[PDB]
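J.:
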Amino acid sequence: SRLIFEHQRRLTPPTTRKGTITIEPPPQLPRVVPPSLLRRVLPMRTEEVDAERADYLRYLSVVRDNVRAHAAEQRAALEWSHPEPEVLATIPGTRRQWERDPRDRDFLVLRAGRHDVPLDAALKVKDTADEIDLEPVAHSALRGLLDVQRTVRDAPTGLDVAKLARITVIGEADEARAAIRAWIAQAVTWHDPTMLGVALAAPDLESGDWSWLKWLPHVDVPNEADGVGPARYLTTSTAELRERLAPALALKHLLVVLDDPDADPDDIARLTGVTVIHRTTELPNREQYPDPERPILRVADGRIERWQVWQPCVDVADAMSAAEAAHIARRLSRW
Amino acid sequence: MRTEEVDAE
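Going down the list, the sequences are from chains F and J. What the first sequence shows, in the entry's author numbering, is residues 2 to 44, 92 to 298, 311 to 330, 334 to 372, 375 to 400, in sequence order. So the second sequence is numbered by the entry's author numbering: it starts at 92 and just counts up by one.
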């Protein structure tokens, strides 16, 4: 029925030299004596301090170039490991499909869009002064540097799921199912179908809606045919999906999604990593400062605005379409 | 040492 895949090694994109770039503090406002016309009318004065200013600014330029190289490495890696939700149509073929392993820094991380990643490198200066006054035209430059070259511009974000255990989106219907299908495909595509599992419950499953999990062998079961479908956990009842997963519930990671806002949300959990996803109708208003785990997510036009006290947390969201996911499943069912 | 020096301190 299906072909065979062999565990060819993963390729390595050049990682980050995650060190501690250090910057020398500027000079210390050298005291300038009065010009004194008497000894200035013949035809440690400004010339020397200007020379020193120029030297420090040159040094600063060099450091800026180096940190930009580091930023280039970082964006290169992050683009390599979370491509845009169209290239993934071509990935199921080549030797990079199950290229994610539990030893690798990117594991069970699900891309959702592009915004400012804070440049994991250090950027620490060794300031040792007790409010001594530093030269104005150097300190100004260093300060104006340490704020714009510290955060990478729009970069592939990460909605990691290895330490969330619950995701609950809020907002319009299909805008939600978009980001959901998006990162759920991005998840299944990179990791061995023998390593992580997914579950579904929805009323109109086979209508161009959640049907598309048909050809999915990530939703599979061990030792069961179900006639045509791998496991076809794809259902409409909640506790029924639980029972279909009750033996599978026990590490193969589990990803249970629920297109139903009602029908007893939070009824399996609340375990040790098995993640639940549930689209909700409406929000809490005074949540007790939601834990970074099991958080709240609102879907704007192109934002995925987190819930904190609105901290958009994504400025351009990654959205998928239904038919695209359909063609994804179709292509991937081959190997 | 110029007067204008200490006056600056």
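Where is the CB? At the ideal position from N, CA and C, for every residue including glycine.
1) What is the rounded straight-line gap between the Cα of residue 19 of chain F and the Cα of residue 200 of chain F?
2) Check distances from the C-beta atoms of the region 7 to 39 of chain F to those of chain J and list, in chain order, the residues that come in under 9 Å.
3) Tell me, please, which residues DSSP counts as bridged to residue 369 of chain F.
4) Anyone know if the C-beta pair for residue 247 of chain F and residue 284 of chain F falls short of 9 Å?
5) Which residue from F:13, F:35 and F:4 puts its Cα closest to that of residue 92 of chain J?
6) Using alpha carbons as the reference points, say which of F:382, F:137, F:282 and F:104 lies closest to residue 184 of chain F.
7) Taking only runs of the beta strand (DSSP E) that begin and end inside the region 180 to 208 of chain F, which ones reach a length of at least 3 residues, in chain order?
8) Using DSSP's beta-bridge definition, name the partner residues of residue 245 of chain F.
9) Which residue's Cα is closest to the Cα of residue 154 of chain F: F:394, F:187, F:195 and F:205?
10) Grab the span of the alpha helix (DSSP H) containing residue 168 of chain F for me, first residue to last.
11) Since residue 333 of chain F is in the beta strand (DSSP E), which residue starts that stretch and which ends it?
12) Can you tell me whether residue 379 of chain F is helix, strand or coil according to DSSP?
13) What does the Cβ neighbour count give for residue 148 of chain F, buried or exposed, with the cut at 16 atoms within 10 Å?
14) Taking residue 257 of chain F as the reference, give the member of F:289, F:221, F:238 and F:271 with the closest Cα.
T.: Walking through what the data contain:
1) Residue 19 of chain F and residue 200 of chain F: Cα-Cα distance of roughly 15 Å.
2) If the cut-off is 9 Å between Cβ atoms, the region 7 to 39 of chain F has 32, 33, 34, 35 and 37 near chain J.
3) Beta-bridge analysis with DSSP links residue 369 of chain F to F:360.
4) The answer is no: Cβ separation not under 9 Å.
5) Considering only alpha carbons, the answer is F:35.
6) Of the listed residues, the one whose Cα sits closest to residue 184 of chain F is F:104.
7) Counting whole runs of 3 or more residues, the region 180 to 208 of chain F contains the beta strand (DSSP E) stretches 202 to 204.
8) F:314.
9) Its Cα nearest to that of residue 154 of chain F, the residue F:205 stands out among F:394, F:187, F:195 and F:205.
10) Residue 168 of chain F -> no alpha helix (DSSP H), and no H or E assigned at all.
11) Missing from the coordinates: residue 333 of chain F, inside the break in chain F from 330 to 334.
12) Three-state result, residue 379 of chain F: coil.
13) Within 10 angstroms of the beta-carbon of residue 148 of chain F lie 16 or more other beta-carbons, which makes it buried.
14) If you compare the alpha carbons of F:289, F:221, F:238 and F:271 with that of residue 257 of chain F, the shortest gap goes to F:221.
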